[PDB]
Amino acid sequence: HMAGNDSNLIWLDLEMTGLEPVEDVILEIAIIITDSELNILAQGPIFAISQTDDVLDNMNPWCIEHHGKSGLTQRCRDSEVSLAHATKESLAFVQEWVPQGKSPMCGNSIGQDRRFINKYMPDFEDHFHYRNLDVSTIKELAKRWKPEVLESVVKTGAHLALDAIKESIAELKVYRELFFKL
């Protein structure tokens, strides 16, 4: 394939037990590679990470109500997948598709996700350039500079990690068309 292109992009999204990685942990991870024009080249290996029920039945109330209602809390018990499992097979996918230190990490408020990857999945982190490509930076500029662009952005729920990433890419495509001057 024309994979390994220097300008290819790694997008990802995590679900977690909450906002503070000091104590909280990673529940689900997904990965999409695009070319630089945002064409999805590959959906990588999705993972629920297995944790116990003392972990799962002691989140914040935002997390019990929404990981329950999406069937993720239940998928975590089902899984017998480790973090070092997810890590090795995430970094694997990503070595095929793009080089090393080339792509930033891409998604909405991707810095928050990066806090968890840094602590818990360092080997995966080291493949990335140190920069983020945070689509919410663009959303914050559009709010102030051209707010009506946001009518064309699509918000369809929350869902799995996978469809969240696709919402992020799609959000950026809208910007590419209506907000950037290429």
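Position 1 is the first residue in the sequence shown; the rest follow in order.
Averaged over their C-alpha atoms, the temperature factors of 131-139 and 111-119 are higher for 111-119. Of the two stretches examined, 89-97 and 75-83, the record assigns the greater average C-alpha temperature factor to 75-83. Highest C-alpha temperature factor among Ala30, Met59, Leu41, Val153 per the entry: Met59.
Within the listed group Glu148, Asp126, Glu37, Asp54, the record reports its top CA B-factor for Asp54.
Ranked by C-alpha B-factor against the other modelled residues of its chain, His159 falls in the highest third. Among all modelled residues in its chain, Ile165 ranks in the middle third by Cα B-factor. Among all modelled residues in this chain, the alpha-carbon of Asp13 has a temperature factor (C-alpha) in the middle third. In the deposited entry, the Cα temperature factor of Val22 places it in the highest third of its chain's modelled residues. Among all modelled residues in its chain, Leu182 ranks in the middle third by Cα B-factor.
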